[PDB]
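Here's the structure, in structure tokens; my notes come after.
Every read-out reported here was derived from the displayed coordinates using simple, explicitly stated rules and does not represent laboratory data. We place every Cβ from the backbone using ideal geometry, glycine too, and count neighbours over all the protein chains shown.
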Amino acid sequence: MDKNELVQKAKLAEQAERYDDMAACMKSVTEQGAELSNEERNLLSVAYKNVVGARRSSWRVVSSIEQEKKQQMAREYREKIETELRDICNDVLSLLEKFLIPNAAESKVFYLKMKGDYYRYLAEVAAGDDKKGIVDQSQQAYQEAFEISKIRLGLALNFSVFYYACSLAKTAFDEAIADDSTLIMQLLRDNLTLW
Amino acid sequence: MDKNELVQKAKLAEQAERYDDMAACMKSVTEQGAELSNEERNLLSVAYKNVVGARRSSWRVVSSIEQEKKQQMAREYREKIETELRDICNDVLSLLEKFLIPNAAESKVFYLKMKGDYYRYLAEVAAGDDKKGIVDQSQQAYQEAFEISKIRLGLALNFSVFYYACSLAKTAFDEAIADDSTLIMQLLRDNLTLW
Amino acid sequence: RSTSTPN
Amino acid sequence: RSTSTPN
């Protein structure tokens, strides 16, 4: 198999914008012997965010566009992406639970964030009774990270938004007041700026 | 089959950035009864440019990166895209010759541009003796458009670059001197600015 | 609305 | 180098 080449590959894919080839190059790597070099730990985080993002972005536009015959055409299109989307979270969400979270320091909150992230993603998507279980599933996953942090920064944000709430925001924000970190914060403020 | 729905689809795909679904939605349409509504005539032009572009862009980066064991890994990667690329030109290049060019006014130069464009693309890609035939193939296709124009604007540019030349540029540029058109021109100047 | 991160 | 168009 040779991990240190499938990494060089995962890198080389991003060095050329192909995010699926990338996200994939990492899957092979995560599904090797876990505990990922903070760099490796990174590539996967992003590759995957792009990929599911791409689809997440698109899901957004069409759901609205939809809202007659032309619309069954939309749902049929939504349906199709909701699918690759699901395929991506589920794909990664798994890796996490069956490889990533169990093989960790700081990472443990990182992953736990991400884990709750992806169900959040799936949560946006769900419909029938499935939804409730996915939502709760994310929370416990997120809530678990909120407490373990006590990066952590980024987390506070995402958990924060996940609620829409603000209450949790100002709190984890306010305390922080005491370049990278900066950025994130701006956003949470900005979030309240919104709410 | 129902063209007027596969169009709405081709549109809806771009309204959500999925360019392959788009380029494809058009293929179904071009490969219906030709003579395309200037709008339809458009969507296809772009969808396809994105798609092959995407791949064209990436082809660029890796070819350089390559230039030891790690490099066989690159060529193996280049090889893989050069492929989908080829698959795209060839895919469209065909449609053009077997549907588009033969079913036309102004379009005739448009297509003829595009036609020479795609081989130009393939031309960048080729290697063995194949190259020479592809190059010449484009020229005659482009050269044919240069003369038929006498849009046409955009053409002059692309044919211009295809040579690297400049001679052909200033000429078709200079005459023009007598919002949309503007843009293009800026570029040809800019091209000489370069050469 | 809102979110979320970057890389 | 150079090119080419847009849409």
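Things worth noting here:
- Unmet criterion (only one of (1) touching a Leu at 6+ places or on another chain (Cβ under 6 Å); (2) within 14 Å of chain C (Cβ to nearest Cβ); (3) of a type in the set (A, V, I, L, M)) for A:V29: (2)
- Among the residues of the range A:64-81, none qualifies, meaning not one is away from chain C (no Cβ under 14 Å), within 21 Å of the chain's Cα centre (by Cα), surrounded by 14 or more Cβ atoms within 10 Å (Cβ to Cβ) and not in a helix (DSSP H, G or I).
- The range B:11-37, residues that are over 17 Å from the mean Cα position of the chain (by Cα) and closer than 21 Å to B:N103 by Cα: B:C25, B:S28, B:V29, B:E31, B:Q32, B:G33, B:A34, B:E35, B:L36, B:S37
This table checks each residue for (1) hydrophobic (A, V, I, L, M, F, W, C); (2) away from chain C (no Cβ under 14 Å).
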residue: A:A105; (1), (2): yes, yes
residue: A:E124; (1), (2): no, no
residue: A:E147; (1), (2): no, yes
residue: A:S181; (1), (2): no, no
residue: A:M185; (1), (2): yes, no
residue: A:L194; (1), (2): yes, no
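- Criterion (among the polar types (S, T, N, Q) and away from chain C (no Cβ under 14 Å)) met by exactly one of A:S57, A:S94: A:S94
- Single condition A:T171 does not satisfy, out of (1) among the hydroxyl-bearing types (S, T, Y); (2) surrounded by 17 or more Cβ atoms within 10 Å (Cβ to Cβ); (3) over 16 Å from the mean Cα position of the chain (by Cα): (2)
- The condition of being surrounded by 13 or more Cβ atoms within 10 Å (Cβ to Cβ), out of contact with any helix residue (DSSP H, G or I) (no Cβ under 8 Å at 6 or more places or on another chain) and not aromatic (F, W, Y) holds for B:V61.
- The range A:93-106: number of residues that are within 14 Å of A:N42 (Cα to Cα) and surrounded by 17 or more Cβ atoms within 10 Å (Cβ to Cβ): 2
- Criterion violated by B:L44 - all others in (1) part of a helix (DSSP H, G or I); (2) farther than 22 Å from B:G116 by Cα; (3) of a type in the set (A, V, I, L, M, F, W, C) satisfied: (2)
- The residue pairs whose first member lies in the range B:100-118 and is over 20 Å from B:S28 (Cβ atoms), whose second member is of a type in the set (S, T, Y) and outside any loop (DSSP other than H, G, I, E, B), and whose beta carbons are closer than 6 Å, counting only pairs six or more residues apart or on different chains, are B:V109/B:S149; B:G116/B:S138; B:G116/B:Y142.
- Taking (1) in a helix (DSSP H, G or I); (2) more than 14 Å from every other protein chain (Cβ to nearest Cβ); (3) farther than 18 Å from A:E106 by Cα; (4) not charged (D, E, K, R) in turn, A:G128 satisfies each apart from (1).
- B:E14 falls short of the stated requirement of being charged (D, E, K, R) and more than 14 Å from chain D (Cβ to nearest Cβ).
- Remark: A:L183 falls outside the filter, which requires a residue to be under 16 Å from C:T5 (Cβ atoms), under 12 Å from the mean Cα position of the chain (by Cα) and of a type in the set (A, V, I, L, M).
- Residue identified as of a type in the set (D, E, K, R) and either in contact with a strand residue (DSSP E or B) (Cβ under 7 Å, 6 or more places away or on another chain) or closer than 20 Å to A:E124 by Cβ (or both) among A:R18, A:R55, A:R41: A:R55
- Some residue of the range A:45-53 being of a type outside the set (V, I, T) and away from chain C (no Cβ under 11 Å): no
- Taking the criterion of being under 14 Å from B:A13 (Cα atoms) and touching a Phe, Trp or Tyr at 6+ places or on another chain (Cβ under 8 Å), the residues of the range B:23-44 that qualify are B:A23, B:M26.
- Filter pass, A:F110 being part of a helix (DSSP H, G or I), within 14 Å of chain C (Cβ to nearest Cβ) and among the aromatic types (F, W, Y): yes
- Some residue of the range A:162-173 being away from chain C (no Cβ under 14 Å) and aliphatic (A, V, I, L, M): yes
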